[PDB]
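Asks: This is start-v3.tsv (TSV, C-alpha atoms and all ligand atoms).
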```tsv
chain	number	residue	atom	x	y	z
A	9	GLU	CA	-273.07	-37.01	-55.95
A	10	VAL	CA	-269.59	-35.44	-55.85
A	11	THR	CA	-267.36	-33.45	-58.17
A	12	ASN	CA	-265.17	-35.33	-60.63
A	13	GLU	CA	-261.98	-34.01	-59.02
A	14	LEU	CA	-263.25	-34.93	-55.55
A	15	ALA	CA	-264.38	-38.43	-56.55
A	16	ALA	CA	-261.10	-39.17	-58.33
A	17	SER	CA	-259.09	-38.05	-55.29
A	18	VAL	CA	-260.92	-40.50	-53.04
A	19	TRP	CA	-260.84	-43.32	-55.60
A	20	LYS	CA	-257.08	-42.82	-55.75
A	21	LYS	CA	-256.88	-43.05	-51.96
A	22	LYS	CA	-259.10	-46.15	-51.86
A	23	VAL	CA	-256.88	-47.75	-54.51
A	24	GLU	CA	-253.89	-47.21	-52.21
A	25	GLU	CA	-255.63	-48.91	-49.29
A	26	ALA	CA	-256.78	-51.80	-51.48
A	27	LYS	CA	-253.23	-52.37	-52.73
A	28	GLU	CA	-252.00	-52.52	-49.13
A	29	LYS	CA	-254.89	-54.82	-48.16
A	30	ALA	CA	-254.29	-57.23	-51.04
A	31	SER	CA	-250.58	-57.39	-50.18
A	32	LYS	CA	-251.63	-58.38	-46.65
A	33	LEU	CA	-254.28	-60.84	-47.87
A	34	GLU	CA	-251.53	-62.66	-49.78
A	35	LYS	CA	-249.34	-63.14	-46.71
A	36	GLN	CA	-252.35	-64.56	-44.85
A	37	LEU	CA	-253.29	-66.96	-47.65
A	38	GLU	CA	-249.67	-68.09	-47.85
A	39	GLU	CA	-249.66	-68.85	-44.12
A	40	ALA	CA	-253.05	-70.56	-44.46
A	41	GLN	CA	-251.94	-72.83	-47.30
A	42	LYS	CA	-248.84	-73.69	-45.28
A	43	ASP	CA	-251.11	-74.54	-42.34
A	44	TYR	CA	-253.31	-76.79	-44.48
A	45	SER	CA	-250.23	-78.65	-45.70
A	46	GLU	CA	-249.51	-79.48	-42.06
A	47	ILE	CA	-253.04	-80.57	-41.11
A	48	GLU	CA	-253.24	-82.73	-44.24
A	49	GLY	CA	-249.92	-84.26	-43.25
A	50	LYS	CA	-251.38	-84.98	-39.82
A	51	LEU	CA	-254.33	-86.67	-41.56
A	52	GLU	CA	-252.06	-88.95	-43.59
A	53	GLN	CA	-250.18	-89.89	-40.42
A	54	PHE	CA	-253.51	-90.82	-38.83
A	55	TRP	CA	-254.45	-93.23	-41.61
A	56	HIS	CA	-250.99	-94.77	-41.29
A	57	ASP	CA	-251.54	-95.55	-37.60
A	58	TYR	CA	-255.18	-96.48	-38.20
A	59	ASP	CA	-254.31	-98.93	-40.98
A	60	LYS	CA	-251.71	-100.66	-38.79
A	61	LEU	CA	-254.38	-101.00	-36.10
A	62	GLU	CA	-256.99	-102.47	-38.45
A	63	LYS	CA	-254.59	-105.04	-39.90
A	64	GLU	CA	-253.88	-106.09	-36.31
A	65	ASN	CA	-257.60	-106.00	-35.50
A	66	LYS	CA	-258.41	-108.18	-38.51
A	67	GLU	CA	-255.71	-110.71	-37.61
A	68	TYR	CA	-256.90	-110.79	-33.99
A	69	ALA	CA	-260.53	-111.45	-34.92
A	70	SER	CA	-259.47	-114.16	-37.38
A	71	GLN	CA	-257.89	-116.21	-34.57
A	72	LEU	CA	-261.17	-116.12	-32.60
A	73	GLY	CA	-263.88	-116.54	-35.25
B	9	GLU	CA	-263.27	-30.08	-67.14
B	10	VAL	CA	-262.85	-32.81	-69.75
B	11	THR	CA	-259.62	-33.95	-68.09
B	12	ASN	CA	-261.27	-34.23	-64.67
B	13	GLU	CA	-264.04	-36.48	-66.02
B	14	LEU	CA	-261.43	-38.66	-67.73
B	15	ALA	CA	-259.45	-38.83	-64.48
B	16	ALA	CA	-262.49	-39.82	-62.40
B	17	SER	CA	-263.54	-42.48	-64.91
B	18	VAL	CA	-260.03	-43.98	-64.89
B	19	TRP	CA	-259.74	-44.18	-61.11
B	20	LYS	CA	-263.27	-45.54	-60.71
B	21	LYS	CA	-262.32	-48.39	-63.04
B	22	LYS	CA	-259.08	-48.74	-61.08
B	23	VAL	CA	-260.92	-48.99	-57.76
B	24	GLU	CA	-263.41	-51.44	-59.28
B	25	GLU	CA	-260.48	-53.69	-60.20
B	26	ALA	CA	-258.78	-53.53	-56.79
B	27	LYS	CA	-262.12	-54.27	-55.13
B	28	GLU	CA	-262.41	-57.48	-57.17
B	29	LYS	CA	-258.81	-58.51	-56.46
B	30	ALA	CA	-259.53	-58.23	-52.74
B	31	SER	CA	-262.90	-60.00	-53.04
B	32	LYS	CA	-261.28	-62.96	-54.80
B	33	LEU	CA	-258.51	-63.08	-52.19
B	34	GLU	CA	-261.09	-62.83	-49.40
B	35	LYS	CA	-263.12	-65.80	-50.63
B	36	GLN	CA	-259.90	-67.74	-51.22
B	37	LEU	CA	-258.88	-67.08	-47.61
B	38	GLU	CA	-262.33	-68.07	-46.33
B	39	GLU	CA	-262.35	-71.35	-48.27
B	40	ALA	CA	-258.81	-72.10	-47.07
B	41	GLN	CA	-259.87	-71.77	-43.42
B	42	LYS	CA	-263.07	-73.80	-43.81
B	43	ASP	CA	-260.97	-76.54	-45.43
B	44	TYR	CA	-258.59	-76.55	-42.46
B	45	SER	CA	-261.56	-76.75	-40.09
B	46	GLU	CA	-262.93	-79.64	-42.16
B	47	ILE	CA	-259.83	-81.75	-41.53
B	48	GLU	CA	-259.45	-80.65	-37.89
B	49	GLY	CA	-262.99	-81.79	-37.11
B	50	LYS	CA	-262.57	-85.02	-39.07
B	51	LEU	CA	-259.37	-85.83	-37.17
B	52	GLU	CA	-261.05	-85.28	-33.80
B	53	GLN	CA	-263.75	-87.77	-34.79
B	54	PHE	CA	-261.24	-90.12	-36.42
B	55	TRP	CA	-259.21	-90.39	-33.20
B	56	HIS	CA	-262.37	-91.60	-31.46
B	57	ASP	CA	-262.59	-94.38	-34.05
B	58	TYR	CA	-258.89	-95.09	-33.47
B	59	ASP	CA	-259.50	-95.46	-29.73
B	60	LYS	CA	-262.48	-97.79	-30.15
B	61	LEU	CA	-260.32	-99.97	-32.39
B	62	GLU	CA	-257.47	-100.04	-29.87
B	63	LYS	CA	-259.90	-101.09	-27.14
B	64	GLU	CA	-261.05	-103.94	-29.38
B	65	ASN	CA	-257.42	-104.96	-29.92
B	66	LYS	CA	-256.63	-104.96	-26.20
B	67	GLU	CA	-259.71	-107.10	-25.53
B	68	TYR	CA	-258.85	-109.49	-28.37
B	69	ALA	CA	-255.31	-110.16	-27.15
B	70	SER	CA	-256.67	-110.55	-23.61
B	71	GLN	CA	-259.25	-113.16	-24.61
B	72	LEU	CA	-256.56	-114.94	-26.64
B	73	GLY	CA	-254.04	-114.97	-23.80
B	74	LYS	CA	-256.59	-116.28	-21.32
B	75	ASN	CA	-257.54	-119.03	-23.79
B	76	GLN	CA	-254.04	-120.46	-24.32
B	77	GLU	CA	-253.34	-120.23	-20.58
B	78	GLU	CA	-256.48	-122.23	-19.75
B	79	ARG	CA	-255.68	-124.79	-22.46
B	80	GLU	CA	-252.14	-125.25	-21.12
B	81	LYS	CA	-253.50	-125.69	-17.58
B	82	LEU	CA	-255.92	-128.47	-18.54
B	83	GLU	CA	-253.24	-130.28	-20.55
B	84	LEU	CA	-250.91	-130.07	-17.56
B	85	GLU	CA	-253.78	-131.24	-15.33
B	86	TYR	CA	-254.48	-134.26	-17.53
B	87	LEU	CA	-250.79	-135.15	-17.25
B	88	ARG	CA	-251.25	-135.40	-13.47
C	5	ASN	CA	-279.97	-107.15	-56.57
C	6	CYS	CA	-277.53	-104.43	-57.64
C	7	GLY	CA	-275.97	-103.82	-61.02
C	8	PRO	CA	-272.44	-102.60	-61.69
C	9	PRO	CA	-271.30	-99.90	-59.26
C	10	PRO	CA	-271.14	-96.29	-60.45
C	11	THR	CA	-267.90	-94.80	-61.72
C	12	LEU	CA	-266.44	-92.57	-59.02
C	13	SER	CA	-263.86	-89.94	-59.93
C	14	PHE	CA	-262.05	-90.18	-56.58
C	15	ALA	CA	-262.08	-93.93	-55.86
C	16	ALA	CA	-261.83	-97.31	-57.57
C	17	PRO	CA	-262.63	-100.77	-56.20
C	18	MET	CA	-259.99	-102.16	-53.84
C	19	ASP	CA	-260.36	-105.94	-54.19
C	20	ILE	CA	-262.57	-106.67	-57.23
C	21	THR	CA	-262.23	-106.14	-60.96
C	22	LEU	CA	-265.06	-104.58	-62.94
C	25	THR	CA	-272.13	-108.35	-63.44
C	26	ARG	CA	-274.66	-108.17	-60.59
C	27	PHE	CA	-274.52	-108.05	-56.80
C	28	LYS	CA	-276.51	-109.42	-53.88
C	29	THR	CA	-278.22	-107.10	-51.42
C	30	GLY	CA	-276.00	-106.08	-48.52
C	31	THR	CA	-272.85	-106.43	-50.63
C	32	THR	CA	-270.17	-104.07	-49.31
C	33	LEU	CA	-267.36	-103.34	-51.77
C	34	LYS	CA	-264.22	-101.78	-50.32
C	35	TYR	CA	-262.79	-98.85	-52.27
C	36	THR	CA	-259.43	-97.07	-52.47
C	37	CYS	CA	-258.80	-93.39	-53.15
C	38	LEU	CA	-257.39	-92.69	-56.60
C	39	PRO	CA	-253.87	-91.22	-56.77
C	40	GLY	CA	-254.07	-87.55	-55.87
C	41	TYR	CA	-256.81	-88.06	-53.26
C	42	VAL	CA	-256.89	-88.69	-49.51
C	43	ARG	CA	-259.38	-90.50	-47.28
C	44	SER	CA	-261.88	-88.11	-45.70
C	45	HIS	CA	-264.26	-90.62	-44.08
C	46	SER	CA	-263.60	-93.45	-41.62
C	47	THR	CA	-264.79	-96.03	-44.17
C	48	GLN	CA	-264.55	-96.16	-47.98
C	49	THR	CA	-267.37	-98.49	-49.03
C	50	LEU	CA	-270.23	-98.87	-51.48
C	51	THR	CA	-273.25	-100.81	-50.22
C	52	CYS	CA	-276.16	-102.47	-52.01
C	53	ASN	CA	-279.35	-101.53	-50.17
C	54	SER	CA	-282.68	-103.37	-50.00
C	55	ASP	CA	-283.90	-101.47	-53.08
C	56	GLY	CA	-281.06	-102.59	-55.35
C	57	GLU	CA	-279.19	-99.27	-55.32
C	58	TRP	CA	-275.66	-98.33	-54.24
C	59	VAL	CA	-275.29	-96.17	-51.13
C	60	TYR	CA	-272.11	-94.19	-50.49
C	61	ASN	CA	-270.88	-90.68	-49.73
C	62	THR	CA	-267.74	-88.88	-50.91
C	63	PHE	CA	-265.00	-90.46	-48.79
C	64	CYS	CA	-261.98	-89.01	-50.63
C	65	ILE	CA	-260.94	-85.39	-51.18
C	66	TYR	CA	-258.35	-83.66	-53.36
C	67	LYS	CA	-254.81	-83.67	-52.10
C	68	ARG	CA	-253.34	-80.16	-52.07
C	69	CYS	CA	-250.00	-79.02	-53.44
C	70	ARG	CA	-247.72	-76.91	-51.26
C	71	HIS	CA	-247.72	-73.13	-51.53
C	72	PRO	CA	-245.95	-71.77	-54.67
C	74	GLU	CA	-242.56	-66.21	-54.43
C	75	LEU	CA	-241.49	-65.16	-57.94
C	76	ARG	CA	-238.73	-62.55	-57.81
C	77	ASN	CA	-239.42	-59.71	-60.26
C	78	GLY	CA	-242.73	-61.44	-61.03
C	80	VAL	CA	-248.03	-66.14	-59.32
C	81	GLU	CA	-251.81	-65.92	-59.84
C	82	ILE	CA	-253.64	-68.74	-58.03
C	83	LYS	CA	-256.85	-68.78	-60.07
C	84	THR	CA	-258.66	-71.35	-57.90
C	85	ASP	CA	-256.80	-73.33	-55.24
C	86	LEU	CA	-253.77	-75.57	-54.67
C	87	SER	CA	-255.80	-78.76	-55.06
C	88	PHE	CA	-255.09	-81.66	-57.40
C	89	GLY	CA	-255.82	-80.53	-60.95
C	90	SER	CA	-255.65	-76.77	-60.30
C	91	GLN	CA	-253.35	-74.40	-62.16
C	92	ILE	CA	-251.24	-71.37	-61.23
C	93	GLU	CA	-250.39	-68.68	-63.78
C	94	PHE	CA	-246.88	-67.25	-63.51
C	96	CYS	CA	-242.86	-60.98	-64.55
C	102	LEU	CA	-240.10	-64.56	-68.72
C	103	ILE	CA	-237.78	-67.57	-69.01
C	104	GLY	CA	-239.51	-70.88	-68.34
C	105	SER	CA	-243.14	-71.97	-68.13
C	106	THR	CA	-246.10	-69.62	-67.73
C	107	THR	CA	-248.26	-72.17	-65.87
C	108	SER	CA	-248.01	-75.11	-63.49
C	109	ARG	CA	-250.58	-77.72	-62.45
C	110	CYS	CA	-251.01	-79.79	-59.30
C	111	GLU	CA	-250.55	-83.39	-60.46
C	112	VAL	CA	-249.70	-86.82	-59.07
C	113	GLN	CA	-245.97	-87.06	-58.33
C	114	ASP	CA	-244.65	-90.22	-56.63
C	115	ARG	CA	-247.08	-91.22	-53.85
C	116	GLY	CA	-248.35	-87.66	-53.59
C	117	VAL	CA	-249.00	-84.48	-55.55
C	118	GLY	CA	-246.73	-81.79	-56.93
C	119	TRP	CA	-246.43	-78.96	-59.41
C	120	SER	CA	-245.98	-79.83	-63.08
C	121	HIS	CA	-243.27	-77.21	-63.63
C	122	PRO	CA	-241.11	-75.28	-61.10
C	123	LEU	CA	-241.05	-71.53	-61.07
C	124	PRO	CA	-239.94	-69.60	-64.17
C	125	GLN	CA	-237.05	-67.17	-64.47
C	126	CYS	CA	-238.04	-63.51	-64.58
D	4	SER	CA	-235.80	-98.35	-11.35
D	5	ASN	CA	-238.88	-96.45	-10.19
D	6	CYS	CA	-240.55	-93.23	-11.34
D	7	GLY	CA	-241.73	-90.43	-9.09
D	8	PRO	CA	-245.02	-88.59	-9.52
D	9	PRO	CA	-245.69	-87.72	-13.16
D	10	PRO	CA	-245.00	-84.19	-14.39
D	11	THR	CA	-247.94	-81.83	-14.67
D	12	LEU	CA	-248.66	-81.15	-18.34
D	13	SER	CA	-250.03	-77.87	-19.68
D	14	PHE	CA	-251.71	-79.45	-22.72
D	15	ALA	CA	-253.31	-82.58	-21.23
D	16	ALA	CA	-254.77	-83.99	-18.02
D	17	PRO	CA	-254.42	-87.48	-16.53
D	18	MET	CA	-257.35	-89.80	-17.10
D	19	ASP	CA	-257.03	-91.23	-13.57
D	20	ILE	CA	-258.17	-89.07	-10.64
D	24	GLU	CA	-249.68	-93.76	-5.54
D	25	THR	CA	-246.24	-92.14	-5.35
D	26	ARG	CA	-243.81	-94.77	-6.73
D	27	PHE	CA	-244.27	-96.42	-10.13
D	28	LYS	CA	-242.81	-99.56	-11.66
D	29	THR	CA	-240.89	-99.52	-14.92
D	30	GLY	CA	-243.39	-99.95	-17.73
D	31	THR	CA	-246.23	-98.15	-15.93
D	32	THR	CA	-248.35	-96.38	-18.54
D	33	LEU	CA	-250.69	-93.54	-17.58
D	34	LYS	CA	-253.24	-92.37	-20.14
D	35	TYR	CA	-254.02	-88.69	-20.75
D	36	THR	CA	-256.53	-86.63	-22.73
D	37	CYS	CA	-256.16	-83.18	-24.25
D	38	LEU	CA	-257.21	-80.13	-22.26
D	39	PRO	CA	-260.04	-77.82	-23.33
D	40	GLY	CA	-258.78	-75.68	-26.18
D	41	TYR	CA	-256.41	-78.43	-27.35
D	42	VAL	CA	-256.62	-81.18	-29.96
D	43	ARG	CA	-254.96	-84.56	-30.41
D	44	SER	CA	-251.84	-84.51	-32.59
D	45	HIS	CA	-250.46	-88.02	-32.01
D	46	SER	CA	-251.61	-91.58	-31.44
D	47	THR	CA	-249.72	-92.08	-28.16
D	48	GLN	CA	-251.41	-89.99	-25.44
D	49	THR	CA	-249.47	-91.73	-22.65
D	50	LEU	CA	-246.64	-91.21	-20.20
D	51	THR	CA	-244.50	-94.31	-19.65
D	52	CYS	CA	-242.03	-94.95	-16.83
D	53	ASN	CA	-238.64	-95.50	-18.46
D	54	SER	CA	-235.90	-97.67	-16.98
D	55	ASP	CA	-233.96	-94.45	-16.27
D	56	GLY	CA	-236.66	-93.41	-13.78
D	57	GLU	CA	-238.05	-90.66	-16.02
D	58	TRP	CA	-241.45	-90.40	-17.67
D	59	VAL	CA	-241.33	-90.70	-21.47
D	60	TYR	CA	-243.86	-88.76	-23.54
D	61	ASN	CA	-244.23	-86.40	-26.47
D	62	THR	CA	-246.57	-83.45	-26.93
D	63	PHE	CA	-249.69	-85.21	-28.21
D	64	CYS	CA	-251.93	-82.12	-28.00
D	65	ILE	CA	-251.74	-78.83	-29.90
D	66	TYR	CA	-253.81	-75.65	-29.76
D	67	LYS	CA	-257.20	-75.63	-31.40
D	68	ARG	CA	-257.63	-72.79	-33.89
D	69	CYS	CA	-260.42	-70.23	-34.10
D	70	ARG	CA	-261.85	-69.55	-37.53
D	71	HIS	CA	-261.10	-66.20	-39.13
D	72	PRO	CA	-263.24	-63.46	-37.53
D	73	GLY	CA	-264.25	-61.91	-40.84
D	74	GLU	CA	-263.73	-58.51	-42.41
D	75	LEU	CA	-264.81	-55.47	-40.39
D	76	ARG	CA	-266.69	-52.96	-42.55
D	77	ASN	CA	-265.00	-49.54	-42.52
D	78	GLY	CA	-262.45	-50.95	-40.08
D	79	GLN	CA	-259.46	-53.24	-39.55
D	80	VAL	CA	-258.86	-56.46	-37.62
D	81	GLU	CA	-255.34	-56.87	-36.20
D	82	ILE	CA	-254.17	-60.48	-35.80
D	83	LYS	CA	-251.32	-59.82	-33.38
D	84	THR	CA	-250.12	-63.42	-32.99
D	85	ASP	CA	-252.27	-66.23	-34.45
D	86	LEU	CA	-255.85	-67.54	-34.50
D	87	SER	CA	-255.27	-70.30	-31.93
D	88	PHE	CA	-256.52	-70.93	-28.40
D	89	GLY	CA	-255.55	-68.12	-26.03
D	90	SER	CA	-254.66	-65.53	-28.68
D	91	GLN	CA	-256.26	-62.09	-28.91
D	92	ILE	CA	-257.22	-59.89	-31.87
D	93	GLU	CA	-257.72	-56.12	-31.81
D	94	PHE	CA	-260.34	-54.06	-33.64
D	95	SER	CA	-260.15	-50.56	-35.11
D	96	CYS	CA	-262.35	-48.34	-37.26
D	97	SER	CA	-261.34	-46.12	-40.16
D	98	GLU	CA	-261.09	-42.34	-39.90
D	99	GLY	CA	-264.50	-40.75	-39.49
D	100	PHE	CA	-266.16	-43.91	-38.15
D	101	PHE	CA	-266.92	-44.74	-34.52
D	102	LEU	CA	-266.49	-48.22	-33.03
D	103	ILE	CA	-269.69	-49.68	-31.56
D	104	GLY	CA	-268.90	-52.75	-29.47
D	105	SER	CA	-265.76	-54.56	-28.34
D	106	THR	CA	-262.30	-53.47	-29.42
D	107	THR	CA	-260.79	-56.88	-28.61
D	108	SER	CA	-261.66	-60.57	-28.88
D	109	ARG	CA	-260.04	-63.73	-27.51
D	110	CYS	CA	-260.04	-67.30	-28.82
D	111	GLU	CA	-261.65	-69.18	-25.92
D	112	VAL	CA	-263.29	-72.53	-25.19
D	113	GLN	CA	-266.85	-72.61	-26.57
D	114	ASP	CA	-268.78	-75.88	-26.20
D	115	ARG	CA	-266.14	-78.59	-26.81
D	116	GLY	CA	-264.49	-76.26	-29.35
D	117	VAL	CA	-263.06	-72.76	-29.73
D	118	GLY	CA	-264.64	-69.40	-30.52
D	119	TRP	CA	-264.27	-65.65	-30.25
D	120	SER	CA	-265.21	-64.08	-26.92
D	121	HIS	CA	-266.68	-60.94	-28.48
D	122	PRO	CA	-268.23	-60.52	-31.94
D	123	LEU	CA	-267.05	-58.13	-34.62
D	124	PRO	CA	-267.99	-54.53	-33.71
D	125	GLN	CA	-269.77	-52.07	-35.98
D	126	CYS	CA	-267.88	-49.15	-37.52
D	127	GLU	CA	-270.48	-46.40	-37.93
D	128	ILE	CA	-270.35	-42.84	-39.25
E	201	K	K	-247.93	-90.61	-34.55
```
Using the file provided, produce a representation of the structure as structure tokens.
Replies:
Amino acid sequence: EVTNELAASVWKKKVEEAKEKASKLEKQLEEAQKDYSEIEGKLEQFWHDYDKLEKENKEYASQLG
Amino acid sequence: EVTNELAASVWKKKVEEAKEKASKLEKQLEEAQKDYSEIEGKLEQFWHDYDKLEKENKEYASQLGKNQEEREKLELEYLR
Amino acid sequence: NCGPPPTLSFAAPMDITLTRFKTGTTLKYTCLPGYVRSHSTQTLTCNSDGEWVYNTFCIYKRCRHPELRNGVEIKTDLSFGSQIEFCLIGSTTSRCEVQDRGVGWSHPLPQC
Amino acid sequence: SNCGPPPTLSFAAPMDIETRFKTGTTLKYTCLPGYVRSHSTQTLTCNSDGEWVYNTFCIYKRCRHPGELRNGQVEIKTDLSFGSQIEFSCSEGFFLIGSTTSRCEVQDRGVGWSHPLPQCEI
């Protein structure tokens, strides 16, 4: 339990810190989404190499049985 | 007195908003890192599968090369 | 013996058209446009009890990150089918959609 | 026409535990602890110019986000990858109970934070 003037003065302060935090949280999410774009790109490049290998694997096994 | 109560009520609703904006950004950052970790772990396992397949390929070409070389040798032997 | 396979939202059959199926049948599947392979195989199998066994082997592709000068609310994520709310010249929203062997935003950024 | 001893790599280690090498010699490598495969070709190959040919097939593993510190702040100085360090701080009027720093280290075939999040207590 606090006075109305006292509570409002600390809610105002907390609002300032939350604004600064959110502004930071949005730089970190931006960098995270950019990171995920890279790792997903690395995943697509894996399936490209993997698919080439399996086509070769399938053709190899066909010439043996 | 009436102005102070109206000021406190306004800023309490303002801090309740900013708390939600951060909470939604927090969960969005957490889900974005778990999703990165999901792919990173899948790729580490997927490279193992890649390697097992390459080993199979190397063995396949080896068995094939040894087969044609033995067949050529017997055909050359029959011709002598 | 299995009946028709279930309808997946992320994959369709790769070499058959859509009947009954023998036990041990293994249908190969392909990820629908806007999805990417997330498991080493992409198969549905008929088990001894006449049911189809499979997990979720595709996941949503994700659009790239969307800054609006003098004015972007990501309500969910950047995944296929999600929407961003944009100060006022242009579009107020944009959706991650299939765009030429990949995903992309329906509309570019608006003018503030 | 011959390669010398292979260079020592900071991101990978040779799978084999000779001083001259014939053109075409391929030596296989695996990523070091704290690293992860980023390419299909994890090999060094003796080129006809006498130099080993290779790319960087390993990249840093990444630690997950530490989490939010109640009544405090977590400073990500550089990144969240292997070798990097984060700093902890408490808000005014709170005391820090625990470590003020944490490092992304090798933890059981993966990466993790050396020290856990501290407690900011009044
Ligand atoms: K590659």
Asks: What are the closest atom pairs, with distances in Å to one decimal, for all residues of chain C lying within 12 Å of chain A? Consider all atoms listed in the file, order rows by chain and residue number, and present the result as JSON lines.
Replies:
```
{"residue": "C:41", "atom": "CA", "partner": "A:52", "partner_atom": "CA", "distance": 10.8}
{"residue": "C:42", "atom": "CA", "partner": "A:52", "partner_atom": "CA", "distance": 7.6}
{"residue": "C:43", "atom": "CA", "partner": "A:55", "partner_atom": "CA", "distance": 8.0}
{"residue": "C:44", "atom": "CA", "partner": "A:51", "partner_atom": "CA", "distance": 8.7}
{"residue": "C:45", "atom": "CA", "partner": "A:55", "partner_atom": "CA", "distance": 10.4}
{"residue": "C:46", "atom": "CA", "partner": "A:55", "partner_atom": "CA", "distance": 9.2}
{"residue": "C:47", "atom": "CA", "partner": "A:55", "partner_atom": "CA", "distance": 11.0}
{"residue": "C:65", "atom": "CA", "partner": "A:48", "partner_atom": "CA", "distance": 10.7}
{"residue": "C:66", "atom": "CA", "partner": "A:48", "partner_atom": "CA", "distance": 10.5}
{"residue": "C:67", "atom": "CA", "partner": "A:48", "partner_atom": "CA", "distance": 8.1}
{"residue": "C:68", "atom": "CA", "partner": "A:45", "partner_atom": "CA", "distance": 7.2}
{"residue": "C:69", "atom": "CA", "partner": "A:45", "partner_atom": "CA", "distance": 7.8}
{"residue": "C:70", "atom": "CA", "partner": "A:45", "partner_atom": "CA", "distance": 6.3}
{"residue": "C:71", "atom": "CA", "partner": "A:41", "partner_atom": "CA", "distance": 6.0}
{"residue": "C:72", "atom": "CA", "partner": "A:38", "partner_atom": "CA", "distance": 8.6}
{"residue": "C:74", "atom": "CA", "partner": "A:38", "partner_atom": "CA", "distance": 9.9}
{"residue": "C:80", "atom": "CA", "partner": "A:34", "partner_atom": "CA", "distance": 10.7}
{"residue": "C:81", "atom": "CA", "partner": "A:34", "partner_atom": "CA", "distance": 10.6}
{"residue": "C:82", "atom": "CA", "partner": "A:34", "partner_atom": "CA", "distance": 10.5}
{"residue": "C:85", "atom": "CA", "partner": "A:41", "partner_atom": "CA", "distance": 9.3}
{"residue": "C:86", "atom": "CA", "partner": "A:41", "partner_atom": "CA", "distance": 8.1}
{"residue": "C:87", "atom": "CA", "partner": "A:41", "partner_atom": "CA", "distance": 10.5}
{"residue": "C:115", "atom": "CA", "partner": "A:52", "partner_atom": "CA", "distance": 11.6}
{"residue": "C:116", "atom": "CA", "partner": "A:52", "partner_atom": "CA", "distance": 10.7}
{"residue": "C:117", "atom": "CA", "partner": "A:45", "partner_atom": "CA", "distance": 11.5}
```
Asks: With all atoms listed in the file as the basis for distance, which of D:88, D:101, D:60, D:14 is at the shortest distance from ligand K 201 (chain E)?
Replies: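 Using all atoms listed in the file, the shortest distance to ligand K 201 (chain E) belongs to D:60.
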Asks: I'd like to know which of B:77, B:71, B:55, B:84 is closest to ligand K 201 (chain E), using only C-alpha atoms and all ligand atoms.
Replies: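 Nearest to ligand K 201 (chain E): B:55.
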Asks: Using only C-alpha atoms, find which residues of chain B lie within 8 Å of chain A and jot them down as a VMD selection string.
Replies: chain B and resid 12 to 13 15 to 17 19 to 20 22 to 23 26 to 27 29 to 30 33 to 34 36 to 37 40 to 41 43 to 44 47 to 48 51 58 61 to 62 64 to 65 68 to 69 72
Asks: Which protein, DNA or RNA residues have an atom within 7 Å of ligand K 201 (chain E), counting all atoms listed in the file, as an NGL selection string?
Replies: (:A and (53 or 57)) or (:D and (45-47))
Asks: May I ask you to extract the residues of chain D within 10 Å of chain B, using all atoms listed in the file, and to give them as number ranges by chain?
Replies: D: 42-46, 67-74, 116
Asks: What separation in Å, quoted to one decimal, exists between CA of residue 33 (chain C) and CA of residue 50 (chain C)?
Replies: 5.3 Å
Asks: Report, in Å to a single decimal, how far apart CA of residue 38 (chain D) and CA of residue 57 (chain D) are.
Replies: 22.7 Å
Asks: Could you jot down the CA of residue 17 (chain C) to CA of residue 46 (chain B) separation for me, Å, one decimal place?
Replies: 25.4 Å
Asks: Which of these, C:122, C:32, C:18, C:107, has the shortest distance to residue 83 (chain C) once you count only C-alpha atoms?
Replies: C:107
Asks: Any idea what's packed within 9 Å of residue 55 (chain D), counting only C-alpha atoms, ignoring anything in its chain fewer than 2 positions away? Could you give it as a list in words?
Replies: residues 4, 5, 6, 29, 52, 53, 57 and 58 of chain D
Asks: Selection from above, C-alpha atoms, as a CSV table (one decimal), in the coordinates of the input, can you write it?
Replies:
```csv
chain,number,residue,atom,x,y,z
D,4,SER,CA,-235.8,-98.4,-11.4
D,5,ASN,CA,-238.9,-96.4,-10.2
D,6,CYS,CA,-240.6,-93.2,-11.3
D,29,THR,CA,-240.9,-99.5,-14.9
D,52,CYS,CA,-242.0,-95.0,-16.8
D,53,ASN,CA,-238.6,-95.5,-18.5
D,57,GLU,CA,-238.0,-90.7,-16.0
D,58,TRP,CA,-241.4,-90.4,-17.7
```
Asks: Compare D:90, D:62, D:79, D:95 by their minimum atom-to-atom distance to residue 112 (chain D), counting all atoms listed in the file, and give me the closest one.
Replies: D:90
Asks: Rank nothing, just name the residue among D:78, D:56, D:39, D:124 nearest to residue 111 (chain D), using only C-alpha atoms.
Replies: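 Using only C-alpha atoms, residue 111 (chain D) sits closest to D:39.
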